[PDB]
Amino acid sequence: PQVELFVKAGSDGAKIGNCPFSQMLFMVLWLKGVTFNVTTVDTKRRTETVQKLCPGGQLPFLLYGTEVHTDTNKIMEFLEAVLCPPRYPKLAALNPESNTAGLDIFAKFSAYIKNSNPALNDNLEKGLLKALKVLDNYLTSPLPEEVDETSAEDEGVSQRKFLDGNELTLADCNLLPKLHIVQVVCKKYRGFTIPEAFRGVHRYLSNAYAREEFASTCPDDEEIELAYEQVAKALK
């Protein structure tokens, strides 16, 4: 059953551009173990093929057999329901709160980065830090699979690699691409790095960069930086 993901091209019109939703789906497809390919689209220079396939012009989109699917969340839910055991792993998180943890972070960063008002900068860095902190608390809070197993020096502190346990789940495919943007953009434009003291977050990002499903599907740092150049440069 043929599977082809269409994604937003970057600045040369060929390579992967900045698009967390595109990366999210590329991640799900990789984690499913399914045979798929990926076509980048220069949206300013669309092939007649892509034009016929997806008249609405939405990106990303998925061709599955003969059927075109748009809307990233809906595609994700479709992939989860159509690619099941025993042939493909379920990737849905077991704990519903894994799906909501960290979700307000991208919006705090969006306000932070778009801001050009100096008296509001310190408020906005704080809103972003507090959001990251709440994700940190999630990542260090033991989940039901870890019930009552510990180490005297680290009691009540989760050792798990990712949001919902030790395997990547749909919840990570959603958050990780957004959190990667946050990291790259804020370093480049705002002298900002996630504090060391957020150890859950740092371990998470570290175990994520160790995984080729995340790392190989990231657009280059340049591509993300260029995407944000106009909105980010505004703060004097």
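Note that residue numbering follows the sequence shown and begins at 1.
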(message) Please compare 193 to 201 with 166 to 174 and name the stretch with the higher mean C-alpha B-factor in the deposited structure.
(response) 193 to 201
(message) When the Cα temperature factors in the entry are averaged, is it 53 to 61 or 35 to 43 that ends up higher?
(response) 53 to 61
(request) Can you pull the Cα B-factors for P142, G102, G127, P118 from the entry and say which is highest? (result) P118
(message) In terms of recorded Cα temperature factor, pick the maximum from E97, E77, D136, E153.
(response) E153
(request) Consider only the C-alpha atoms of the modelled residues in this chain, order them by B-factor as the entry records it, and name the third containing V28: lowest, middle or highest. (result) lowest
(message) Taking only the Cα B-factors deposited for this chain, tell me whether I113 sits in the lowest, middle or highest third.
(response) middle
(request) Sorting the chain's modelled residues by C-alpha B-factor, tell me whether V185 ends up in the lowest, middle or highest third. (result) lowest
(message) Split into thirds by Cα B-factor across the chain's modelled residues, where does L179 land: lowest, middle or highest?
(response) lowest
(request) Rank-wise, by C-alpha B-factor, drop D12 into the lowest, middle or highest third of its chain. (result) highest
